[PDB]
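Contents: one structure, followed by commentary.
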Amino acid sequence: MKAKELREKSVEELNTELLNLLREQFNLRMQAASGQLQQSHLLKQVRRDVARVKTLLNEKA
Amino acid sequence: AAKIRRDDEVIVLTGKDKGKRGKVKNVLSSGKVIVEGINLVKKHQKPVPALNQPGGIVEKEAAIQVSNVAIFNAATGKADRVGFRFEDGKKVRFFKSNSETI
Amino acid sequence: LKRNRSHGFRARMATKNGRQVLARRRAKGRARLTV
Amino acid sequence: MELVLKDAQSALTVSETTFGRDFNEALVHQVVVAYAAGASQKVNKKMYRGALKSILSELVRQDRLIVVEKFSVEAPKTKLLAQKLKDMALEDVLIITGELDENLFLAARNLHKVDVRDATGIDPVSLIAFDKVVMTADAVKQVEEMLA
Amino acid sequence: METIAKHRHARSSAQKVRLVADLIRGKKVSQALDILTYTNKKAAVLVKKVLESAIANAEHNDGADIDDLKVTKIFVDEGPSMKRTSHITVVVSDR
RNA sequence: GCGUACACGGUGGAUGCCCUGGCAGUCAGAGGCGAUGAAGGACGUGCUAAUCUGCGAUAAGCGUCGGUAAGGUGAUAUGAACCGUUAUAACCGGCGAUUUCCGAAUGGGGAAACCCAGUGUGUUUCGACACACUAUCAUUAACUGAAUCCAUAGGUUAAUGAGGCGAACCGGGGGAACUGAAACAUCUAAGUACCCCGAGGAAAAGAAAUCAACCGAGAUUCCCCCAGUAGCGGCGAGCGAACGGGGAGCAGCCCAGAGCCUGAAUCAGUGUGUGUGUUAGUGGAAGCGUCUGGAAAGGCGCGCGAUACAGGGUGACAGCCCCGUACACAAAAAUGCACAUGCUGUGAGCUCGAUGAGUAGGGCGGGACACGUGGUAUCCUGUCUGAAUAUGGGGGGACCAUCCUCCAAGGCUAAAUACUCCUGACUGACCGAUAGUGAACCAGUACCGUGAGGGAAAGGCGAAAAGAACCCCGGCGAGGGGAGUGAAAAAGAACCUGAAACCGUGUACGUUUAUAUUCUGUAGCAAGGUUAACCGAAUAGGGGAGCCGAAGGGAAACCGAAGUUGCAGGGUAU
C-alpha cells in the first residue's frame with residue numbers, strides 16, 4: 001500500500017489521484033448528505049490516500 | 001509492554017472474586033480488565049424500541065482494575081509474578097517462581 | 001461606520017500608541033483587544 | 001577512661017574529657033537547636049567539640065557505645081550485614097568508621113534503622129537518633145585527634 | 001400503615017398554600033378532595049394533585065379502604081429563590 | 001393567639017479531606033526570533049450540537065529511518081463504524097513535503113482575517129487552473145548613463161541590513177510633583193518613574209603618562225571590614241573615601257617597519273574515527289493462612305528480596321497489586337561537548353630601528369562646574385600660533401638632591417559579575433475556592449466604560465454511572481410512591497461531611513521585617529575568643545587585610561588587674 005504505488009510512473013499516479021479526487025469525493029459527499037455510507041472509515045481512507053498521492057509530484061519530480 | 005494480554009488466565013485476588021479463575025477478554029485504556037464470569041453487575045439499562053434492546057435488566061460484566069487480579073499458571077496452580085526475557089529473536093514474558101515458560 | 005474609522009485596527013496601528021496599547025492588551029490576554 | 005574492645009579482650013585508653021566529662025544539658029540543647037535551625041546561625045568548633053564530648057561521655061556512662069576491631073561485610077550484599085547485626089542482636093545502631101567501605105556502605109544503604117557516615121561527618125542528631133553506636137579503634141583515634 | 005405524597009419546587013407562595021391546606025387539616029381525604037373540587041384557588045389544583053397521587057400510591061402499594069383515608073400531616077416549606085418556590089408534603093393514613 | 005425543649009423539613013455553608021491551582025526558592029541550557037514571511041489572531045479540519053489540543057483544502061494529517069506494537073482509531077464524554085494482533089493496526093522520536101486569510105504583512109486599495117489586480121512559465125484543452133515575481137529606505141558590485149569627453153545625477157540587474165515584537169542588565173543625552181527641617185532658602189525626593197539611541201547576553205572598561213614621597217601596593221573586573229572614621233549639612237535631621245591593607249580570577253597583547261633565516265607553535269572553516277550527552281526506549285528483587293472489616297493496604301503467625309523501605313495510585317494505612325526506584329544497558333538518521341586526523345588563508349623565533357608632531361602648550365567668546373571672574377574650574381571650539389623626543393615629559397612639596405611612571409595623541413583581552421519573558425528537574429515549620437493568582441471552574445471569561453481601564457461570583461454524586469430496570473399515579477409533562485441496583489439512595493444527576501439564625505407541624509405544661517542602645521539568665525575557654533569574605537562530596541575542617549580584651553600600670557624616669565563570643569527574654573530609639 002505505502003510502497004506498492006511508489007514504483008509506478010508519475011503518469012498513472014496522476015491519473016488515479018485525479019480520478020479519485022474527482023469521483024470518490026463527490027460520491028462520498030453526496031452519500032453523506034443523503035444519509036448513505038453508514039461506515040465512515042471510507043472517508044478516512046480515501047482522504048489519506050488522496051493526501052499521500054498529492055504529497056508526491058512535488059519532491060519526487 | 002503489558003504483563004496481561006489476550007488469551008491469559010487470571011485469578012482475582014480480592015474484590016468478592018477470591019479464588020475464582022477466568023480468561024481476560026479485553027483491557028481498558030485506563031488499566032481496567034474484563035474477565036468472563038468474575039464480576040456480574042445488574043445494569044439498569046434504559047429500554048429502547050430500536051437497536052434490538054436485550055430486554056429487562058441486563059446481567060453484564062463491569063470493569064475492574066488489573067492490579068486487583070493476578071496471573072494464573074497451570075504448572076503449579078498458584079498465581080505467581082512474571083518478568084520479561086529476550087529469546088533467540090524476540091522478547092517474551094516468563095513467569096516467576098521457578099520461571100515457568102509461557 | 002464611525003466605529004471602524006475610530007477604533008479600526010489599521011487606524012490604531014497607524015500610531016505608536018496603538019501598537020503599544022494592543023501589545024499590552026495581548027499581554028493581558030483579552031479575547032477582543034479592540035473589537 | 002578505659003574501654004573494652006569486646007573482640008580481642010584488649011583494653012583501650014581514651015581521654016577523660018571525651019568519654020568521662022560531665023553531661024552539660026545546656027550545651028547539648030543549644031547544639032541541637034542550632035542544628036535544627038540550620039537544617040543561618042553561628043557555629044563554633046569549640047561548641048561542637050564540647051557537645052560531641054558530652055554526648056559521647058553520656059552514652060559511655062549509659063553503655064550505649066560499643067567498639068569493635070573492624071566492621072565490614074565480605075561482599076556487597078545487604079543480607080550479610082543483616083545477618084551480622086542479627087548475630088549480635090543489634091537492630092537500631094549507628095555504624096561509624098573511618099574510610100568508607102564500598103561493601104558495607106552498599107549493604108547498609110537500604111537499612112533504615114542503620115546509617116553509615118564518615119567520621120568527619122558525625123553529627124549529634126545521628127548519635128541521639130539510634131540507641132547504640134558501633135565504632136572502631138581507628139575511628140576513635142580519629143575523633144580524639146579531631147577534638148584535640 | 002402510612003402514605004406519603006409531596007411536590008418539590010412548587011412555583012407558589014408558601015404561606016398561601018399553608019393557609020389553603022389549613023382549611024382541610026384534620027379532615028377525611030375523600031371529604032377534603034370533594035371540598036377542594038370546587039375551590040377556585042390556584043393551590044386547589046396542587047392539593048388535588050398531591051392527594052390523588054397519595055391515594056394512588058396507597059392503592060397501588062398499601063391496602064384497600066382508601067375511602068376512609070384520613071389527612072394526618074399536611075405542610076408546606078419555603079423553597080429556593082431564583083416569587084419564592086415551595087415544597088408541599090402530605091402524609092395520610094386511615095388510622 | 002404565643003412561649004417553655006425535642007424530631008422532621010427548605011434558601012442556607014461555620015467546620016474538615018485533599019485536589020489536574022497558585023506562591024517562594026535551588027540546580028542547568030537558552031540566554032532571542034524571522035523576508036526562505038517573528039510573535040498573535042480570523043476562519044475552517046472529527047460520523048458532530050460545542051470545547052482543549054494537533055493540522056491547514058495534502059487540514060485531529062503525509063514519505064523515510066529507529067523503539068514499542070496488540071490494542072488502537074487524541075480527549076472532554078459516550079455511542080456508531082473501522083484496521084490488524086508479531087511487524088504496513090495504533091503510539092514516540094529524528095530527517096523531509098504542505099502549511100488558507102489578516103497580522104512588520106511587503107503588488108494596490110482597505111474597515112484584521114475583506115476587495116481589486118499586472119508580468120513570466122507549465123498547461124497534452126488554452127473556457128480557464130497551478131507556480132514564481134510584482135512595496136519602501138540604506139549600502140556594496142556590475143551594465144547603461146544629460147548638464148560635461150571620461151567621470152557624476154538618473155535608470156536596469158546580483159547581493160546584504162531593516163521593516164515587528166521581546167521580562168530584566170550597560171552607557172550616553174534630558175528628566176519632573178509628591179519630598180524632611182510642623183511651610184521654606186544650601187539640600188534631600190531623584191538622577192526615581194518617564195522619552196530616545198547602540199547593540200552585547202552579560203555589557204562597558206580592561207594592563208598606568210596610577211597614589212604617597214625619599215619607606216612603599218603594582219591589569220581590569222565583584223565582595224564582608226576599615227566605615228557610617230575623616231569629611232559634607234541653619235554641624236540637626238541625614239549623606240558619605242580611598243592610598244593602604246584579604247578573598248573569586250589574575251594572561252596579557254599585538255602589531256605600531258626592515259631584514260634574517262620560515263610555510264616552525266597558534267587561529268577560523270572544512271572530512272575521517274574515538275568517548276559522553278540531546279533526540280524514541282530495554283531489563284530490573286521478592287507472601288501466604290485465620291480473624292476483623294463492603295472491600296485490608298487494620299492489626300496476629302511465620303517467610304523472601306533489598307545497590308531497590310524515593311514516590312504514584314489500586315473498594316481503608318502496601319517492599320513482596322502493579323507502575324516504578326537502586327542498578328545494568330540502548331540510536332537507523334540528526335545534534336553539542338574534547339581529542340589524533342588531510343587541506344584552504346593568518347601564519348614561529350632572532351637582530352636592527354622609531355615610539356604614533358601641527359602633537360603638548362598658549363590667545364580672544366559657554367556649557368554643568370553651590371558661587372554670572374568674584375575667594376574660581378575641566379574635554380574645546382570660529383580661528384591662529386606652537387614643543388628637544390626617550391638623550392625627554394607628567395610630574396611628585398613645586399624645588400637642589402632623590403623617587404614612580406610613560407617611553408605622548410591605535411585599539412583587542414573570554415576569566416571572576418547583574419537579571420529571567422520562556423525551557424528542563426527538585427524542595428516547601430507556604431495557602432487550602434471569602435485563602436492561594438484577578439482567574440484551581442470554557443478567567444483576564446461573563447460583564448461594565450463606544451476607548452484607556454476595571455473585573456467578578458460560580459467545584460466537589462457515587463471507588464467502581466454499575467445513573468433509581470420495571471409498575472403506578474400524574475397531563476403523553478413536572479413531581480411523587482412501591483420494586484431493584486447500590487456498603488449506605490439519613491450517597492440520586494439542583495447529587496462531599498453538615499449548626500443555627502427564618503418559617504410550620506406533633507409531643508408534656510401555662511397563657512510592620514529590619515539597624516542600634518540597655519538590662520535577665522544560660523554556655524565555652526581564658527588573657528582569649530570569635531574569624532569576615534572565601535576554600536571545602538560541604539552547617540566537617542580550614543581560612544583572623546578585617547574586632548575588642550590584653551603583666552600590666554605609670555611620666556617608657558620608675559614599679560610590678562579575667563574578658564570576649566552565641567542562644568533565647570523584655571523596654572527604648574524609626
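Residue numbers start at 1 in each chain; chains themselves are named A, B, ... in the order of the C-alpha cells; ligands are numbered from 1 in the order shown.
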Subject >> Contacts of stretch 72-86 of chain B within 12 Å, only C-alpha atoms (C1' of nucleotides), excl. fewer than 6 positions in-chain, as a PyMOL selection string >> reply: (chain B and resi 1-4+7-13+18-24+92-102) or (chain F and resi 282-288+320-322)
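Using only C-alpha atoms (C1' of nucleotides), the contacts of stretch 510-526 of chain F at a cut-off of 7 Å, with sequence neighbours closer than 3 positions omitted, comprise residues 26, 27, 46 and 47 of chain D.
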Mind writing the picked residues with N, CA and C atoms as an mmCIF file, in the first residue's frame?
```cif
data_model
loop_
_atom_site.group_PDB
_atom_site.id
_atom_site.type_symbol
_atom_site.label_atom_id
_atom_site.label_comp_id
_atom_site.auth_asym_id
_atom_site.auth_seq_id
_atom_site.Cartn_x
_atom_site.Cartn_y
_atom_site.Cartn_z
ATOM 1 N N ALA D 26 22.719 22.121 78.859
ATOM 2 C CA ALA D 26 22.550 23.375 78.133
ATOM 3 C C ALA D 26 23.311 23.360 76.814
ATOM 4 N N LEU D 27 24.546 22.855 76.826
ATOM 5 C CA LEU D 27 25.336 22.812 75.599
ATOM 6 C C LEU D 27 24.677 21.922 74.554
ATOM 7 N N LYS D 46 34.615 24.964 69.008
ATOM 8 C CA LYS D 46 34.656 24.599 70.420
ATOM 9 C C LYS D 46 33.301 24.095 70.900
ATOM 10 N N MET D 47 32.214 24.734 70.457
ATOM 11 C CA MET D 47 30.886 24.258 70.827
ATOM 12 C C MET D 47 30.655 22.839 70.323
#
```
Residue C:3: which residues within 12 Å, counting only C-alpha atoms (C1' of nucleotides), same-chain residues fewer than 6 positions away excluded, as a PDB file with C-alpha atoms (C1' of nucleotides), in the first residue's frame?
```
ATOM      1  CA  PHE C   9      -7.275  48.132  13.848  1.00  0.00           C
ATOM      2  CA  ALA C  11      -6.174  53.220  12.265  1.00  0.00           C
ATOM      3  CA  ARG C  12      -4.817  52.326  15.707  1.00  0.00           C
ATOM      4  CA  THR C  34     -10.254  46.486  20.237  1.00  0.00           C
ATOM      5  CA  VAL C  35     -13.453  44.979  18.801  1.00  0.00           C
TER       6      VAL C  35
ATOM      7  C1'   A F 111     -12.649  48.588   7.867  1.00  0.00           C
ATOM      8  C1'   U F 450     -18.267  53.274  22.335  1.00  0.00           C
ATOM      9  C1'   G F 451     -11.667  53.938  24.254  1.00  0.00           C
TER      10        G F 451
END
```
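One distance worth recording is that between atom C1' of residue F:568 and atom CA of residue D:43, which is 15.9 Å.
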**OP:** Name all residues at most 6 Å from stretch 136-143 of chain D (count only C-alpha atoms (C1' of nucleotides); drop same-chain ones fewer than 3 positions away) and give them as a VMD selection string.
**Re:** chain D and resid 67 to 70 97 to 98 146
